[PDB]
Every structure is written in C-alpha cells, then in structure tokens.
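Chain nomenclature is as follows: A, B, C, D, E and F, assigned in order of appearance, with residue numbering initiated at 1 for each chain independently.
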Amino acid sequence: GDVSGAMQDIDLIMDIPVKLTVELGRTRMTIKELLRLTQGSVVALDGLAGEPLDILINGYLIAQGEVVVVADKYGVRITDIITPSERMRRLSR
Amino acid sequence: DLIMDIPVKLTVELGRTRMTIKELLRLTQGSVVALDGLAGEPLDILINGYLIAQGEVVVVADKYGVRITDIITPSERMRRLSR
Amino acid sequence: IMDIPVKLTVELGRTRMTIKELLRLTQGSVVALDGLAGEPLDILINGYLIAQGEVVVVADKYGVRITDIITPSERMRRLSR
Amino acid sequence: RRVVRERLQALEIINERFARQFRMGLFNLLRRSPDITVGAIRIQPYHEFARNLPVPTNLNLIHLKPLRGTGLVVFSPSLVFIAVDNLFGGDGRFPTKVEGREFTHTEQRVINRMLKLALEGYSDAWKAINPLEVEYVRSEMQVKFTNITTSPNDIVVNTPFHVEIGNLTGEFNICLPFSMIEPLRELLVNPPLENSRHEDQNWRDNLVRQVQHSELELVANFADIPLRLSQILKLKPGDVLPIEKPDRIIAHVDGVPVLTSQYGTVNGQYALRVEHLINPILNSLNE
Amino acid sequence: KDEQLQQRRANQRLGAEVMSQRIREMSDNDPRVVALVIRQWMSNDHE
Amino acid sequence: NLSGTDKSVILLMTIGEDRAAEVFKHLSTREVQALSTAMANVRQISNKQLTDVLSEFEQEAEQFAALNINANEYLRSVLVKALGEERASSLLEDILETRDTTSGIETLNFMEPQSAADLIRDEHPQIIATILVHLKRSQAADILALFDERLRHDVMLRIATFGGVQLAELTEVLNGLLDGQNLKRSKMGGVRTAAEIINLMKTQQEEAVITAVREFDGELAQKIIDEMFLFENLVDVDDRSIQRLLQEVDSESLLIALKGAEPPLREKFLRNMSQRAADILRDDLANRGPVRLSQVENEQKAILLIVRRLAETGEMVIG
C-alpha cells in the first residue's frame, strides 16, 4: 500500500546506511586551459574564503556546512536545511 | 521527514560462490562459473550493498522486471547475516 | 601470489529514484530496471568490478558467460552511471 | 533465456550491392537478366530458422576466416531447377517438384557453380568494405546435420532474397549465427564511412581544433562519509560531522576524475594547487 | 635327329631375326615418334 | 582366334611400354588392364610370331596409320596452341566433349531404351527433352513408350518448349549421362536369373522357395513363378510354337513327361500333335502307369532344355 510503503520506511528503512558528498567551488575552464596548466599550478574557485561548503548526497542537494578544526580533526558543521522553495530558486539560475 | 525525497541506489544479485584466486587465474576470459542460488530462486534485492528483500525477474512488457515478494523482515535479516 | 577465497558480486543494473515508489508497491509487484534483455552483465569482487558477461542457465543452475576484463575506460562510464 | 535485440545499417546496403552483383553474374551466366528482391533481414533462433527452412533443400558451409565458425547459405529446389533449365535454355513452364529425393550429380554440380558464383559475389561485396575471406567447407542436405550453432536456440541472422527470371521466380536465404558477427557487433550497426582519405583524417584533426575551446565544469570533492538516514533525520543545523584528513582534492567532470590537487589559501579564495593531471594513459603506463 | 638339330639352328636364326624384328619395332617406336602415336591411334581404332 | 582388337593387343604386348602408354591414353581402362595382364603373364611368344607381328604393325603403319603425323595425339596439342594463339575460348575442348556427346548419343540409341530412361528419369526433364530431340526418332519413341504417362507428357511438352538448342552445356550433360553408364557395366540384375537359378535347382526346393518368396512379397514371388513358367498354357505359349517344339522333342519323352504332368498340360501339348501321334501318346498313357517321378522330371527338364535351345535359335517367341 502507498500509505503502508510510506509507513514502512520510517521503521524498516530507519536503520539503513547512506552516502554523501561535499563540493568546494565551480570555475569555467576549458581543454585549452587544462592543457596549458602544469605541475604545481594554483586554481581558485568561486567559493569565497570562509563560505560554507554545499553538502549533497548522491548528487542531491541536502544542506550547506563549513569545516571546523576541532581537536585537530576536521569536521563540517552544517548550518541550514534547504527548503524546497530555496532549492527551486537555486536551480533556477 | 523532509529527507523522504532522496534518490536511492539499489543492487540486485544472482548468487555467490567461494572461489580462490587460483581458480580465477585459470578461468579464461570466456569461462563459465556457477553460483549457490538455484535457478528460479527469487533474486535478492539490495540497496547500496545493504540487504533489503528478494524478487524474481520476468519477461513482461518486453523488459526484464523483478517482482518484489518479501519484506525486509529484520528477524530474517538477522538470520541471513548470521552466516 | 598467495591465494585466498574471495567474495564476488554480480549486479543487474541500477536505477534512479526514491525507494518510496518501490516500497509503496506491495509484495507481488513487478518492477523493471535499466537491465534489459540482451546486454551482458558485470562481475564484481568484494565490490570491485572485473569483467562483463551474460549469464545463462545450465543443469538447473546459473552459468555466467563472461566476456573480458572491464577496462578503466568503460569503468569510468559505468561509475558515472 | 536468450533474448537479443539490435538494429544494423551497413549490412543492408552490403546485401543490396551483393544482390546487384549477383544479378549481373546470373545475367551474364544465363544470357538472361534476372531480378533479385532482397527480403527483410531475418533475426531468429537457429531452431526457428531450421523450422522455417523449406525441407528438402541444400545447405552449404562456407567458413569465414579469421573469425571462428562457418557460414551458411541455402537455395530452393525451385530456384535450382529454374536456373539449371535456363542453363539448358528450356522454358520450364511445365516444371517438376522433387521432395526427399537427393540431388543428382548434375544437379549438385550446377549447385557447385552457382555456389561458387555466389561466393565470389559476396566476397567482392564484403571486401568492398571489410576484407574477410570466405571459404566453402561442405554442402549439406538437412539442417540438423549442419549443426553450426552450439544450441538450436542460438540466435541466427538471416538475409532472405527473392530471385526471379521473367515468369520463373524463386527465393533463397543467407543465414548466419549471431556469434559469427559478435566480434564485429559495432561495425554492423553503423552505416559505412565515406572518404577516410588523408583529407578526412586532417578534417577530423580540424574538428579537434574547433573542439579545443570546449565548455566543461569541474567538480571538487572533500569527504564522502558513509552515514545513515536515521542520523540525517536526527541531524539538525549547527551539527558538526568529523572528517578524516583530506590529504588531496579529487577533481572530476561528470564523474570521471581528471586530476588531484591540494587546497590553498590564495588571495582570499578557495584555491586548489594541482599536483598532476590524472590521465587514463598515464595510469596505464604506470601500471 | 640331325635334321631336328638343323631345325633348332634355323629356329635360333629365326630368334636372331625376331630380335632384329624387335629392333625394327623399337626403331619404329624410336624414329617418327609422332608417326608411332598416329599408328597407336590407328591400331586402337582398328581394335 | 585373332580379331582386329586381338591383333592390336598382340602388337602391343610385342612392342612395349613406349607405344603402350600412348595406346593407353588413347584407349580404355579394361583394355589397358588386359595388356597389363598380358605383360604380367605372356605365353604367345615365338621367333616367327614376333616377326609376323612386326610385319602386321608395318602393314597398320602403311595402311591404318598410312605413315601420317600423330593423329590427335600431338596434333591436339598444336590445335590447343592455335586455340591459345586465337581467342581465349576452348572451342576445341567443347568440340572434344561434343565428339563424346555425339558418340554417346549413338551409344544411347544402341543401348536399351528403358535403361536409358531410368538413367535419365532422375535427371532434369529438360535434359530428357533435349536428349530425346537429339536422339534417333525410333529410340526416342521407345523411351517415350517406356516412360510413365505423366513423365512422358511432361517430356514432350518440354520438347515443345525446347528452342534454346544449347551451346556447350548440352555436351557435358551427355558426358554426365555417359559417366553414369561409364562405371563398370554390371547389368548383373538378372531379372530372369533368379527364376533361372530356381529352375536350375531341384523342383521341390524350387516350390519351397516359391512359397517362401510368396510370403516375402507376393509380387516378387509371382514374378519368380512366372520365370518358372515355361509352356504351361497354349494361348500364351502359341499353338504354332507347341507344334514346332514337340515335333523336335522325342515323342516318348513327351509321353513320359505328360503322364506325370497335369491333364490340361497333356491336352494342350497333344493338341499340336499329328493326330496319329496324339492317339498313340494317349493310348500309351492309358497303357503304362506313371513311371518314376525322377524319370518324369528328367523328361520335363529335357522338354525345358529343348525350349531353351529353340529360344537360343530365336525363330519364334517362347511363351
């Protein structure tokens, strides 16, 4: 049942491992540029210094967060949960 | 449950076999290997490498369609992983 | 050089949607995948891919007709998809 | 469980030009212009082909080196009767039908010449695109004795032809196992290629010159930690998830990695310091 | 049987003549080989 | 005896392999092997004989050969040289096949029409049509009659359709037919010989095998019994023939065979007696009782032997 399937996942799929991904920034760069690039080259990204990094799972937008050096151990601290309207606005760009 | 709308990755398998690397050394690129699950047994249905259920593939609507038949059944999951 | 038994894995295609559309369908619901009739399958070892090959049935038992070790080229495409 | 579905382009025109060459050959051989109508290429299991095969008939084995296995060509008793009486010059408007009776020596010899003529026609037609030598092996009267395929359910591709000489008509088929064309599965699907002279090569290089300024976006990843949707649901904004030390940054486009890099603080920007481009050729050379 | 002995001597002379006839047949086989083949065909036709 | 074939054979066994090879290549396999056997085992050698053989060869050389250049032996090679010098078309080879084809057509006319038919029934009906057109009209009519009705009508219809009069394909068609009789003649079918062999056997074993083959195949057994039949009914045997045989056959032998024979046989045999002979035979049949069945069968076998002798003479059709 549709309701049964929705109800099942809250308990049956409650215990299930998943994956995630995080992105730093985006820059326009073409094959001429990559061929010209060499060892030790530095490339910047549109992500401003200190900007929280977007957090996604299997390529699906989830949230945004920033890494913090706690106990000399890096850890991303999320700051928001993307709303459907803000997600629509983000993809409408 | 705002995270309800999340694309999941599923995994469907046929069967397993405990073969040593020497067997694969002699098995040519066109070799034949059997499995443990007998023919006709419902193929195990899993997601991201995690056990879920089982189902059988049938040639319907000109495509291979697996038919979900069993539920996650955590007791049966415990029994299965106890192997 | 040293030999040891190892777990294999065969995968019959991968789809792209939430499990809710699948779990809402109760037991006895037939669902298809990107795995169609005709394409050879893939073999993984401990989750690490090796080769491609169709699987047939013989002596009331499944028999894989493996073809050739999967090269990193098409490994990249199958990782992307 | 054996199902295979595919479409081909080159073999259609190959069969068409082969049929035109065969029509010319029969015209000059029998001093009368024939007409060959190529039927729609048939794809069926070997048992289905054997069942559809009109018994009695003559089956011929023609090996295709260097590919393993032997090819098959068949002809109808009506066709061989009509061809041989046209060789005799007879009208054939009062024909006879032979069933079960094996072909006489003269009939089999006329079969031999027409077989070699068909072999030469198909050879020139095929070598016009891909040079694959054809060598006859052994004629056969019953399909079961031909036993080319491993199993009767093995899928065999067949090209039917409808050949007529004036009022007299006929049909013959050229059938081949799918395993025979398995090595050239890509070459059969695509239509043949025009040119391929030195200019075409440089034109392809010129295409790469135009493709030099392409449009692509790179993707940078830091951590891919396996967690649970239970944890995600119980996760709230402000929560911090520990991350192992990212000794390098992997760069990929549409999924395929291209290089590795190290993050750096340059001009107040999320800058990455590349180490080396990850090329498949470089990886193969290293391995 | 002195006459029989003379007949045997005549037979020996006939044998020498037969050897000469065989040599003549060999000469016919030897010279004009074409003509020998033509005579072969002619004898076959007469056969 | 020394026939023209035998004279050439003696010539060959006298001269040697130098001309024997040319004779073989211009000759046929059975005569080649006959001369090989003659070389292997020879007892026809004499001082005068060999010289006479050389003289006969000289006669053949001055007459049959007429001291001419190799006849189609080395000439065919120069003919091929001219053919090669002229257009690239082996017409001479086609003419060679035509020569065998025409000779085979004449042979076809000579040999048995029904055997020709069954050798050509399997072949193409157009082959039958064209070969029948090219054959003699009488031989063609014989083969036409020996054909079945439907095949015969198809052959004549395709004769009407036959207008291509083709050109070297016809020659090799006859060559194939000749090769299908070129194989050892055999002809050991002996459709009559079974019957003949059983007649040569004892009469009781003859009847036993007749019953056995009746069980095997009433048709084949009935054919064998027909082959046994020899002057059993007047109408088929012909009275004029019963008249002619039985005056040649001894009257006493006829009497002895008849008193052991059936009364219908006695009546049909005596109907061709001179009336005095018939009356004498019947009176003696009444007088003497049935003599030993061995002697009765001996007289019957003598009657059959005289029937076979007159069949050898061939003046009339026995039965």
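By our rule, contacts are C-beta pairs under 8 Å (C-beta built on N, C-alpha and C of every residue); 3 or more make two chains touch, one makes a residue touch a chain.
Chain pairs A-B and A-D differ in how many C-beta pairs they share in contact, with the greater number at A-D. Work out the mean CA point of chain C and of chain E, and you get 95 Å between them. Spacing of chain B relative to chain D, judged by their CA centroids, is 32 angstrom. Our note on geometry: chain C versus chain D, Cα centroid distance of 25 Å, whole angstroms. Each chain gets one centre point, the mean of its Cα atoms, and the points for chain D and chain F are 63 Å apart. Residue numbers of chain B whose C-beta contacts span two or more other chains: 1, 3-4, 6-7, 9, 47, 59, 71. Here, these are the chain pairs in contact: A-B, A-C, A-D, B-C, B-D, C-D, D-F, E-F.
Within the complex, the chain B residues that touch chain C are 4-22, 27, 29-35, 37-40, 43, 47, 49, 55, 57-71.
Residues 11, 14-15, 17-18, 21-22, 24-26, 28-29, 32-47 of chain E are the ones touching chain F in the complex. Residues 1-2, 4-6, 8-9, 12-13 of chain A touch chain C in their complex. Within the complex formed with chain D, the chain F residues making contact are 122-127, 129-130, 154, 157-158, 161-166, 169-170, 173, 176, 179-180. In the complex of the two chains, the chain C residues touching chain A come out as 19-20, 22-26.
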